[PDB]
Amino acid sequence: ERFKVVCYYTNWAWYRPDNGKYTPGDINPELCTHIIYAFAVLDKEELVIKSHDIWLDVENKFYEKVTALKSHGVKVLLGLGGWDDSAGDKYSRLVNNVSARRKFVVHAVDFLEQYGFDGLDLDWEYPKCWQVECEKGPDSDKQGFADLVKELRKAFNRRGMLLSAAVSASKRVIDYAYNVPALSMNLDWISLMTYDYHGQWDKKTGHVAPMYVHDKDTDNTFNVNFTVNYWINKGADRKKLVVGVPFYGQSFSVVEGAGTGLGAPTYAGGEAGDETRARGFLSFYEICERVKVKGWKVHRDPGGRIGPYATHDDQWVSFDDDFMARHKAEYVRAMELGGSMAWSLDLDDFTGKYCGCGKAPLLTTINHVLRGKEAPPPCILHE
């Protein structure tokens, strides 16, 4: 239990064409120390946890089917929030009202125990910077969020439950949102969302999760290494920091004649994948199909500062492969951090059918480094 492997399971992965469909039965519990059930949501009116999908989570028992995996020795927490649920002021209204926080904490304990959860993972995106609009929220969101965490910490300790949070990798947002010393002390781990540094919103190609500074960078804080050191320098316990790894790529459509390099101007997200059906986004296995079957070209950084990207016509997608997933896990071990986090189980090649690298190659690579699981070498996409 020296290093954690925190696995995000997403309930909406069931609503996917059969080859992409991911159910509780697809979880390999040997590959996780902790599983986060993403996502529950905050009721706008009552400001308490509620299921976002009663039909799957409750009627079809997906909550209980995932928490049942604790018989395998994994801890199973409920994730609250996410990007989509963080629109608007409801989380700000919760944390800035003392009586609302108290109602939330009491209800949360009962909700979690009702379904067998070992605790709660907070994924408010973000305190003050609601959906990264920092002018939107009050400055008091930072202190209100810290107070919610402290009060959840005290109530959870009476129950032996775990409390974690997924947090921003943006220096700007971190400065606005987080009392870093208080969060480090009161959380069992801090999952750094060290991805989505770049995407089609930049209007030019960029890597979803740069590891180190690149010479083409315009901001030297948009990389995992800065993010981790910034949290440490802000007062975070290194063992509390869990470094997220994206199991998906950010895709782009490149302006005609702009080339295939980093920073090339773009006009849209990439064409949607068959399984994930979201322009701007491709699962790792959809990227494998493009490289293996559709002839997309893989571009690598000889300096090892960013992971690969793949191209075809004006399409362009950046992503982490086996080698960068391995490096980031080895970075976690070298830096003596708390572990690695996976976003998300269902976007890995969990069936093994797309990449030819065995089942769940990205997650297996992380477990190899952090937990000593014997494993095959990293697979070369291009091969």
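For every residue, the number given is its place in the sequence shown, counted from 1.
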If you average the CA temperature factors over each stretch, which comes out higher, 22 to 30 or 342 to 350?
22 to 30
Please work out which of 131 to 139 and 226 to 234 has the higher mean CA B-factor as recorded in the PDB entry.
131 to 139
Per the deposited entry, the peak Cα B-factor within the set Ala268, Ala177, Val105, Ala169 goes to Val105
Top Cα B-factor in this entry, restricted to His207, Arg290, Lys150, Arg277, sits on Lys150
Just say lowest, middle or highest third for the CA B-factor of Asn97 relative to the other modelled residues in its chain.
highest
Per the entry's values, where does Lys44 land by CA temperature factor relative to the rest of its chain, in the lowest, middle or highest third?
highest
Position of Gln200 among the chain's modelled residues by C-alpha B-factor, lowest, middle or highest third:
lowest
Chain thirds by Cα B factor, record data; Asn220 belongs to the highest
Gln114: CA B-factor among chain residues, third -> highest
